[PDB]
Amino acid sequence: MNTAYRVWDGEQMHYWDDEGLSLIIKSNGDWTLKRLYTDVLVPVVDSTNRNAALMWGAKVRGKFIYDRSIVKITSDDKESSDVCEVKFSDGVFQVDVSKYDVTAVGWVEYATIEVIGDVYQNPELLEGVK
């Protein structure tokens, strides 16, 4: 299933499976997240809102990643670890693996990847390790 997605209305994160939500992509490329209250579909957020965001999910490692921040710790020891933002570009969910430089998140060979957040809800996480 290639339906997993999540929208950020600006205040909170929205996951595709949330009850009532339904995503609607329009002929002009616009998108609109809709919720079902009673028998009425209600506009939660919408693409014309430049603060909002739509992130797709990739099934990989039996899980779904989207546009998160993750901790890539080498399977070896502590030989490598990092916090790199998962990006979707060039037709592939990639991550900085300078611990190549970029590679599919589902192709991380000698490492274990763990989602710890997302650029929206953890804007600060991309810094100061120890």
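Just count from 1 along the sequence shown to find any residue number.
- The gap between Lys99 and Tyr100 holds 4 to 9 unmodelled residues of the deposited sequence.
- Mean CA B-factor, 87 to 95 versus 66 to 74: the higher value falls on 66 to 74.
- If you average the C-alpha B-factors over 109 to 117 and over 19 to 27, the higher value belongs to 109 to 117.
- Among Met55, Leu36, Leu33, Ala52, the highest C-alpha B-factor in the deposited entry belongs to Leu36.
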